[PDB]
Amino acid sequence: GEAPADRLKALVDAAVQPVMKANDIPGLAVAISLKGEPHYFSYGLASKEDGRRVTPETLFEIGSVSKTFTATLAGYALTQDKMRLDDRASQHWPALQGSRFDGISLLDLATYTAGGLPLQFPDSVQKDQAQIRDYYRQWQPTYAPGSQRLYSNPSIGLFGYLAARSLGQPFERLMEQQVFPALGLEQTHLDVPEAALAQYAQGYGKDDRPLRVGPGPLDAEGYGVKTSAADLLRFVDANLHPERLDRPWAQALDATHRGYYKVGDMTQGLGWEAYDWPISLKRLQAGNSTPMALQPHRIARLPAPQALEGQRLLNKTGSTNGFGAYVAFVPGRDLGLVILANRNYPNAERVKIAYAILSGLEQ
């Protein structure tokens, strides 16, 4: 019958439409993986000025969802024995020898516990190798490495940069030429080709100022991916079924499904952040709140890394000045969701859409 497809469209429309109106989101793409099948729902405008509609092939900036791609490259380096999580950061970049990175692990960098690396590089650090080098050489922890989580682009950015160094190649080249092809992603870019530019949505900020992300230090590692809802769902499906990939890449994905500590209801992996499932909407919002993102939190370290599988929801938010993304999946239910928008609208609202959909797929 037409009942199941009708029900799914009604569910997704009911979740998305009010949130788009309430947050003045010009365009939004949803992709859902359910029972081994993909479903796409596209809303609104990729560009208001030229009237181009969003489709499942529209490219959006995913911001910090890129950190899960970075984590996957690191997982490849780890499981190929090029680095270990307990390595000191300065073991992988001679410029860092003699700095405080002699006493900071790769795990600390990956999971934001290096001791207070800030949310963003300061504005004094441009996209320039020497400036980035000098920034890390001079940086000193505010508190002991391993003790407090402070969500940070320079932290996990350095993790990605060092993973690339451990592999002997630039980060951007490894992602383009090795990671994206291994994952079957042909509509996923760090640097959008001219031939794909017509698919790149406009981002919108205050007064509908147009915002596509400009260059910044460790942008590729931290926030550089532009992808479609369909390709990002392919990446979620790879995460749901790592065993379907060639074994080196299966292991790389599995490395991103291991939790190291808890803060509140959240268990922190490499890139992915996990919750028990079911959990209340308010708690999932709180785990993705502004205080969680902006304030230091003492961690509760696990005695052994925990498998992020089964009755859990793995997620990641991502933002740029013009865009707001959210991805979530439930390993033990073979359920995946991507929500890509061309306004940076609050995480609470992204989670509201997702929760309504995921809860309605449960019921």
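Residue numbers run from 1 along the displayed sequence.
- Item | Between the two ranges 143 to 151 and 267 to 275, the one averaging a larger CA B factor in the entry | Comparing averages over the C-alpha atoms only gives 143 to 151.
- Task: Could you check which stretch, 49 to 57 or 317 to 325, carries the larger mean CA temperature factor in the entry?
- Result: Taking the mean B-factor of the alpha carbons in each, 49 to 57 is higher.
- Item | Given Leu107, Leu218, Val225, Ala198, the residue at which the Cα B factor reaches its maximum | Of the candidates given, the C-alpha B-factor peaks at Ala198.
- Looking at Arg209, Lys262, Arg258, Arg212, which has the highest Cα B-factor in the entry? Each of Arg209, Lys262, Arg258, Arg212 was compared by C-alpha B-factor; the highest is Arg209.
- Message: Considering every modelled residue of the chain and its Cα B-factor in the PDB entry, is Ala348 in the lowest, middle or highest third?
- Response: It falls in the bottom third of the chain.
- CA B-factor placement of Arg133, once the chain's modelled residues are sorted into thirds: According to the entry, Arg133 has a C-alpha B-factor in the chain's highest third.
- Query: If you rank the chain by CA B-factor, which third does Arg244 end up in: lowest, middle or highest?
  - Reply: As the PDB entry reports it, the C-alpha B-factor of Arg244 lands in the highest third of its chain.
- Item | Third of the chain's Cα B-factor distribution that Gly203 belongs to, per the entry | Its C-alpha B-factor, which the entry lists for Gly203, ranks in the lowest third among residues of this chain.
- Query: Based on the entry's values, in what third of the chain does the Cα temperature factor of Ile62 lie: lowest, middle or highest?
  - Reply: Tercile = lowest for this residue's CA B-factor.
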